[PDB]
């Protein structure tokens, strides 16, 4: 059972389909309409069921054409309020009925960010986007808000006629709205069963450009050309992913480039991946995020974690596939470079939480924990590290990719636990059980801290990064003259980033060192978001007051939490910028994404 959901579990009843009919009201910042849930009883004599809700106003519940009794329980913090519905006729096992709930969202919906025209590229029209993962779908519509249940869906969405609606589904046409000529209705169909966290909606002044046989990129007009170029490797990556994972079942693979406040690098919404505009580096160098989102089309969207305690199944396997895609495109030495960088990020995460912290376990226990507070690189990188270690134990990448494909095929359209995964690993590799039994399963799956063993990494591309980082760390004042722009001449953007990551792991450095780094490398000029993030962190941690306005600007001009949270935290930790950091958060809080505002507030103790 799912300790993050208040709804009836899958063992009691299962939602098979959602038909959503709604209207997006920008004047009120509300979504209003009806959610018709087709529900299948899993029990004899079923007379009631419970759904998740969060800050929803319920008008009525209709079954068999008549209003029925319901009750909203008390709010249980971030979990929201349970909604018990009294069924008019007792159901037999496997009987299906349709329950139509009339509802309206709150402007404060934690699933939604409502943007004013000023907050968009075009400055004329407003914009709305959703982000349900993990447990925010209940803040859009009443549902069994657990990934243990998979449903198909159809939707009709009425929007102001100058705007476009898109969803995690196949577009099924548009018409003027008969109830309001100032509006358009956009229709959508998702015929593959999905967990509700994958329900997504965007409304805005959107344009599209074709970039491959099954891919359009969508954004505001101002970003279309740059996005088409940035993500032009998409089809090549989809082809490799199909080779590794099996058939792509979702029809199209479109991309949507969101406004800068989108809180994450990407979200693998089926048919329509959402990405941060912080990927728009100009040189395709941050395309691994696209590889990651593509990979979720198998690991996550087809094979799904049964509860959020098992989130590493989604992420570890996706990072594993991501790094294989990038290895195929750019070589095995590059895969190792990225794998080793990932271990570095895991080191950082473990150090941040502390080596005994429960959020550093691979399988977590989210009982009475807000999923958004637990979120970190751990499931990604500790999960990847386990799979990479197993690859090395079991005879290499060709062999292990055989397992991955078989795993996806075995559990397609299902929701599974860590034990399901482990049982299948043992089944697939039955002739290697002696090797499998050498793994310290209790440590890897259930213990906090760094894994009990570190995999073997090729160091070829990393060596120059470490060498230069070490030169800086061990430099004394009289060595600073020796550094020069030529030091960087043979380093790729990825290597510059890794040099900064290595150096940040030892921060602070002396202020004069950091001043010299700017003098000779001109890192202030680099617009690549990953590099700029790490550089500004290094500058702030090393107490360079000149970097304060730069870091405040980056923290607020975009909202990807990977960057915004640590920049604010670093600015708060620096005495010279502390008061400004707090004031800046206070001033921006009302117009921030609701989850980002919550987490930055928590980080700052404000």
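Positions refer to the first chain, counted from 1.
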Higher-scoring stretch by recorded Cα B factor average, 548-556 or 54-62: 54-62
Greater mean Cα temperature factor according to the PDB record, 363-371 or 275-283: 363-371
C-alpha B-factor winner, where the candidates are 497, 168, 182, 133: 182
Out of 393, 536, 303, 164, highest CA B-factor residue: 393
Third of the chain, ranked by Cα B-factor, where residue 588 sits: highest
Third of the chain, ranked by Cα B-factor, where residue 187 sits: middle
CA B-factor ranking of residue 48, expressed as a third of its chain: highest
Third assignment of residue 21 from its chain's C-alpha B-factors: highest
Cα B factor band for residue 471 (lowest, middle or highest third within the chain): lowest
